[PDB]
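Geometric and topological summary
What follows is the residue order along each chain.
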Amino acid sequence: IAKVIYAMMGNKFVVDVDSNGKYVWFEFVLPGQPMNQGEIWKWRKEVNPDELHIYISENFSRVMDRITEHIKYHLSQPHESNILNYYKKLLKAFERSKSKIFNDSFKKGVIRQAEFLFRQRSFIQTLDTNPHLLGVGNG
Amino acid sequence: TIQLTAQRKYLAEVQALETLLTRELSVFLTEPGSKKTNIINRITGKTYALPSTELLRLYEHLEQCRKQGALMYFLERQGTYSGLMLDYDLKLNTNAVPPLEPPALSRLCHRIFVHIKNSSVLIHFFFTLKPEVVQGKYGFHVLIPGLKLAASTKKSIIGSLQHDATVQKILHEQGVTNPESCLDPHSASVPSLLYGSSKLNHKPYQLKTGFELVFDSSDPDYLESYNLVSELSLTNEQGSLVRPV
DNA sequence: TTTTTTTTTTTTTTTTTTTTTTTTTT
DNA sequence: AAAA
């Protein structure tokens with residue numbers, strides 16, 4: 001699930017290790033979302049990736065529903081006497097595991113796992129280095 | 001709402017419809033502005049233009065859905081050819097049940113027959129009506145989907161029905177305080193609804209008697225065996241009970 | 001002078017795990 | 001249906 005999350009939102013988050021030795025999360029701010037004044041089109045430091053936590057439980061459910069309907073469609077099509085077993089055990093295990101994404105502990109574990117995938121080396125020390133770029137309130 | 005969530009899981013006839021629309025009807029997405037679309041589903045407010053095979057497959061599933069309950073908002077727009085899709089939201093004085101007596105029906109059958117005489121001619125009477133149990137009583141809807149005359153010709157028919165006083169006394173015989181204005185001036189130019197489709201915060205209508213008569217060019221003045229939804233529907237030229245008059 | 005603040009002192013632990021776990025064989 |  002962490003890999004699917006990274007491949008699905010790899011362009012908005014970045015992770016690096018600070019001097020103290022703890023991973024930190026930076027989020028890219030885009031127009032049309034709640035935010036403080038003046039950080040548009042700029043990376044924002046976040047102690048805990050709240051948006052990723054919400055997105056895991058909100059948008060991923062559509063992909064899970066797509067998987068469920070895909071399994072249903074293959075169940076409808078008649079192939080043999082083995083589909084009625086394989087595409088019933090697989091289905092059952094799937095709805096049993098479907099509710100797992102809504103658990104808090106599973107979400108924390110997924111975030112911790114995804115910390116590695118989103119990590120980008122040489123990011124913190126390269127922040128605000130070149131003196132020819134200024135952060136303004138509109139870009 | 002809460003009920004709609006139930007049929008999506010509890011039963012599979014609605015689920016059967018879901019598979020068909022997600023795969024087959026999906027490629028037939030049609031713009032809302034264009035009039036080419038023949039299916040307008042108000043569940044999601046989407047317009048669909050289905051060919052004969054995609055239509056009949058849609059129609060077939062509809063009857064089974066109705067036999068097992070559920071709620072649907074599927075509608076079809078009035079096209080350039082259709083039957084006498086003339087809605088009559090009869091605002092009665094009180095909710096007293098007026099019986100669709102064959103003598104009273106023959107009064108309505110012959111008068112609407114008279115109106116279609118002074119127009120293009122060379123007849124299945126589908127008396128669907130509201131389940132009542134509401135102030136203003138029910139809305140009678142006679143449908144003759146066999147013929148193909150859905151143009152400005154029906155606007156003259158619309159005017160003739162609206163200006164008609166012979167039907168007015170027949171409705172007065174039914175205790176209706178609104179003999180006219182039941183037939184909307186755009187009755188045969190606005191989108192209609194397939195039989196068995198639930199309405200906005202209202203139950204789907206029922207058909208009292210789906211009888212039929214015969215018309216002859218020389219001498220003008222003359223049920224569980226067919227899929228009801230297609231038979232009442234105007235686009236179904238290949239209908240079994242109805243024929244494209 | 002200068003006098004003591006700073007350095008220290010805490011403050012960084014909790015989140016998994018565990019539990020359960022329906023199922024599955026008996 | 002009860003035990004693992």
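So, here is what we can say about the structure in this document. (Residues numbered from 1 in each chain as written, not as in the entry; some residues may be left out. Chains lettered and ligands numbered in written order. Part of a larger assembly, values for the part shown. Heavy atoms only, no water.)

A few words now on the overall build of chain A. Secondary structure summary: chain A contains five helices and three strands in total. What you see in chain A, going N to C, is helices and strands ordered as α-β-β-β-α-α-α-α. For 139 residues, the compact-globule estimate of 2.2 N^0.38 gives 14 Å, and the C-alpha radius of gyration of chain A, at 20 Å, exceeds that figure by more than 25%. With respect to the principal axes defined by its C-alpha atoms, chain A has extents near 70 × 35 × 25 Å. When burial is assessed residue by residue, chain A has 28% of its 139 residues classed as buried. Contacts in chain A between residues at least 24 apart in sequence constitute 60% of all its contacts with a sequence separation of at least 6. Accessible area of chain A: about 9900 Å², with a carbon and sulfur share of 54%. With 20 positive and 15 negative side-chain charges, chain A shows a separation of 6 Å between the mean positions of the two kinds. (Helix = DSSP H or I, 4+ residues; strand = E, 2+ residues; numbered from the N terminus. Rg over C-alpha atoms; globule rule 2.2 N^0.38 Å. Buried < 20%, exposed > 50% of the residue type's maximum accessible area, 1.4 Å probe, protein only. Contact = heavy atoms within 4.5 Å. Areas by Shrake-Rupley, 256 points an atom, 1.4 Å probe, with all protein chains shown as cover. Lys, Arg positive; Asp, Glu negative; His and termini not counted. Charge placed at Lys NZ, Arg CZ, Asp CG, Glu CD.)

Glancing now at the protein's contact with DNA strand C. Residue and element names in this part refer to chain A. In the vicinity of DNA strand C, the contacting residues are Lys92, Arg96, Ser105, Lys108 and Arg112. For DNA strand C, the backbone portion of the atoms within 4 Å of the protein, that is sugar and phosphate, comes to 100%. Here a phosphate oxygen of DNA strand C and a side-chain polar atom of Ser105 are 2.9 Å apart. Counting residues per element, the ones that place at least two in the surface near DNA strand C are α4 (83-98) and α5 (104-117). With three residues, α5 is the largest single contributor of residues to the surface near DNA strand C. Of the residues in the surface near DNA strand C, the class split is no nonpolar, one polar and four charged. (Near = heavy atom within 4 Å. Polar contact = N/O pair within 3.5 Å; in protein donor to acceptor, adjacent residues only side chain to side chain. Nonpolar A, V, L, I, M, F, W, Y, C, P; charged D, E, K, R; others polar.)

This brings us to the environment of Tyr48 of chain B. All names here are of chain B. With respect to the element layout, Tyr48 can be found in strand β3 (residues 46-48). A C-alpha to C-alpha distance of 33 Å links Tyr48 and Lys91, two positions 43 residues apart in sequence. Beyond its immediate stretch of four places on either side in the chain, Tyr48 contacts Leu25, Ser26, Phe28, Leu29, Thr30, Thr37, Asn38 and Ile39. Side chain to side chain, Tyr48 and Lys46 meet in a polar contact 2.3 Å long.

Residue and element names in this part refer to chain B. Spatial ordering of the open sheet is given by β1-β3-β2-β4-β8, a layout of five strands whose pairing is antiparallel. Each edge of the sheet is formed by a strand with only one pairing partner; in this case those strands are β1 (29-30) and β8 (192-193). Bridge count for strand β2 (residues 39-41) against strand β4 (residues 74-76) is two bridges, and the pairing is antiparallel. For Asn41, the partnering residue across the bridge sits in β4 and is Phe74. (Pairing = 2+ DSSP bridges.)

All names here are of chain A. On the basis of which strands lie adjacent, the open sheet formed by three strands has the order β1-β2-β3 and antiparallel pairing. Each having just a single partner strand, β1 (13-17) and β3 (43-46) make up the two edges of the open sheet. The sheet shows a mean angle of 30° between the axes of neighbouring strands, direction not considered. Strand direction decides the pairing type here: strand β2 (residues 23-28) and β3, joined by four bridges, are antiparallel. Bridge pairing in β3 places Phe26 opposite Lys45. Its contacts with the sheet put α5 on β1 and β2, and the angle it makes with β2 is roughly 80°. (Axes fitted to C-alpha atoms, helices over the stretch in contact; angles between N-to-C directions.)

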